[PDB]
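To keep things clear, I will list the structure first and then write my remarks on it.
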Amino acid sequence: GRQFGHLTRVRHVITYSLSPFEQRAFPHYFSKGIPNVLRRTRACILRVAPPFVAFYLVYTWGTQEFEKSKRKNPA
Amino acid sequence: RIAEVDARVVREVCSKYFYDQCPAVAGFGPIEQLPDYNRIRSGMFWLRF
Ligand SMILES: CCCCCC(=O)OC[C@H](COP(=O)([O-])OCCN)OC(=O)CCCCC
């Protein structure tokens, strides 16, 4: 297990932090959050969606075909 | 003013300015082990008290 003070080397980097009792826990939750969700959805929709759309079409066709095959045809 | 001070005065005066107050922290140098601000802030009270 590693420990702080032995992780890596860093130089010339300043970090400004504010106390949690000094700031909001939900700053602009909807006024800023909803735009960010839409940005992230657009960036990944084309990678995630087409596979499951392909599943949905194969699912419905296979179920429709299985239903029709079980119904008899006139001789 | 100094003679007025006894142990009670120090406990009351210090709690007024230290206990459960938000500190200001300034760090410079090899400060990777400097505790996180939340951990510092949690150091300003005692769960036992
Ligand atoms: C029966 C309860 C025994 C006490 C356990 C407890 O509360 O843990 C301490 C921390 C909060 O104290 P702190 O981290 O501010 O340090 C304060 C030190 N001055 O609480 C947490 O968030 C840890 C999560 C524990 C959940 C099991």
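Brief remarks on what is shown
- Of all residue pairs spaced 6 or more apart or on separate chains, those with beta-carbon atoms under 6 Å, a first member in the stretch B:36-49 that is more than 12 Å from B:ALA24 (Cβ to Cβ) and more than 11 Å from every other protein chain (Cβ to nearest Cβ) and a second member that is part of a loop (DSSP other than H, G, I, E, B) and more than 8 Å from the ligand (Cβ to nearest atom) are B:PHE45/B:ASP20.
- Candidates are the residues of the stretch B:33-49 that are over 15 Å from A:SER17 (Cα atoms) and surrounded by 10 or more Cβ atoms within 10 Å (Cβ to Cβ); the one that is nearest to the ligand (Cβ to nearest atom) is B:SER42.
- Count of residues meeting criterion [of a type in the set (D, E, K, R) and part of a helix (DSSP H, G or I)] in the stretch B:30-49: 2
- Boolean, B:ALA24 is hydrophobic (A, V, I, L, M, F, W, C), within 11 Å of another protein chain (Cβ to nearest Cβ) and loosely packed, with under 10 Cβ neighbours inside 10 Å: yes
- Qualifying residues in the stretch B:17-32 (those that are of a type in the set (A, V, I, L, M, F, W, C) and farther than 21 Å from A:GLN3 by Cβ) - the one farthest from the ligand (Cβ to nearest atom): B:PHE28
- The set of residues from the stretch A:1-60 being within 26 Å of B:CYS22 (Cα to Cα), outside any loop (DSSP other than H, G, I, E, B) and away from every other protein chain (no Cβ under 14 Å) comprises just one member, A:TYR29.
- Pairs, first touching a residue at least 40 places away in the same chain (Cβ under 8 Å) in the stretch B:1-29, second in a loop (DSSP other than H, G, I, E, B) and surrounded by 11 or more Cβ atoms within 10 Å (Cβ to Cβ), C-beta under 9 Å, six or more apart: none
Ideal geometry is used to build each Cβ from the backbone, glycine not excepted, and the neighbour counts take in all protein chains shown. Every read-out reported here was derived from the displayed coordinates using simple, explicitly stated rules and does not represent laboratory data.
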